[PDB]
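Below sits a lone chain in structure tokens, taken as the form deposited in one PDB entry.
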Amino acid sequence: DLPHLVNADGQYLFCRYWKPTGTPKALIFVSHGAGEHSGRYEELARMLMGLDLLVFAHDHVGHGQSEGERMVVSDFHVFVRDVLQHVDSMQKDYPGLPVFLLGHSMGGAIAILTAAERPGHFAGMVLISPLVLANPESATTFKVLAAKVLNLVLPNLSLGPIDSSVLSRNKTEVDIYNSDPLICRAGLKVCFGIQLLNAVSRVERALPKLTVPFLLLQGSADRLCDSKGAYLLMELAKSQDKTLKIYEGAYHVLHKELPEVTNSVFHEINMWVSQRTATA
């Protein structure tokens, strides 16, 4: 019934397209975060479409309208593999067009790993508070062993849900998040937590080979993706074209923050993509 794609595992992924009026100047894949879905990028995608970019996305496996057990993945690479399948299909239909990636949180880790796998292939990357760092206690050898032991007997055991108030200072946006039936707000499963640990470890190893141009947007008061991870990405990525913008006191969901932050986020992405699309 709906726009879709069939991944390498035979699973249906729900697809979303925002096609401009005329001929597109570039392609841009939108990569959503953990627990959320592509429908949350409607406004950002309409702005990008207004620059004559063909915006495309899919709900990651186990998310939104895609198939799979909710917030579960055999291996984190499945997400990267599926992004590449979607990118390769779009590029076949639009040959010679530059292709960008836009990722938020876990979607940002997916974008980094997607670009690292194909050096020199992507024109640029927009990262909104990407997942790059593991929490202090969470990644010790003891904690990794304990979680792996737990995973063997209770893989679907929930770590406990987070306070949704840490997502944004915009109370309306916290309320929208809390009432969206396509969002999984259930606590993080032990098996998925291990996969997010794999993601962060793989990101760290990928940084010395990351050369793709990028715009990095980060809130200073982010409790999910600590701002120090954004500084480390600026330092360790080998990219010749890298920009960091810090939003003072802002939380995690920058594109759904207080109007002053959200308007700046939209404007900065608009300018950054526009300058690298005129380049084509």
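Numbers for residues come from their place in the sequence shown, where the first is 1. Each form is matched to the other, and the largest set of C-alpha atoms that superpose within 1.5 Å is called the rigid core.
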query	finding
212 to 220 versus 23 to 31 - greater average Cα B-factor per the deposited record	23 to 31
Stretch exceeding the other in mean C-alpha B-factor - 189 to 197, 151 to 159	151 to 159
Member of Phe79, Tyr177, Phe100, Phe142 with the greatest C-alpha B factor (per the PDB record)	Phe142
Options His86, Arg169, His104, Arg118 - largest CA temperature factor per the record	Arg118
Entry-reported Cα temperature factor of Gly124, expressed as the chain third it lands in	middle
Within-chain third of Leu258 by Cα B-factor, per the entry	middle
CA B-factor placement of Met49, once the chain's modelled residues are sorted into thirds	highest
Modelled-residue ranking by C-alpha temperature factor, third containing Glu137	highest
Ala206 CA temperature factor, ranked by third within the chain	highest
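Keep in mind that the form deposited in another entry is missing from the display, and what follows is about it.
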property	result
Comparing forms between this form and the one not shown after core superposition, the one residue of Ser74, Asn178, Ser165, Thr140 displaced by 2 Å or more at CA	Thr140
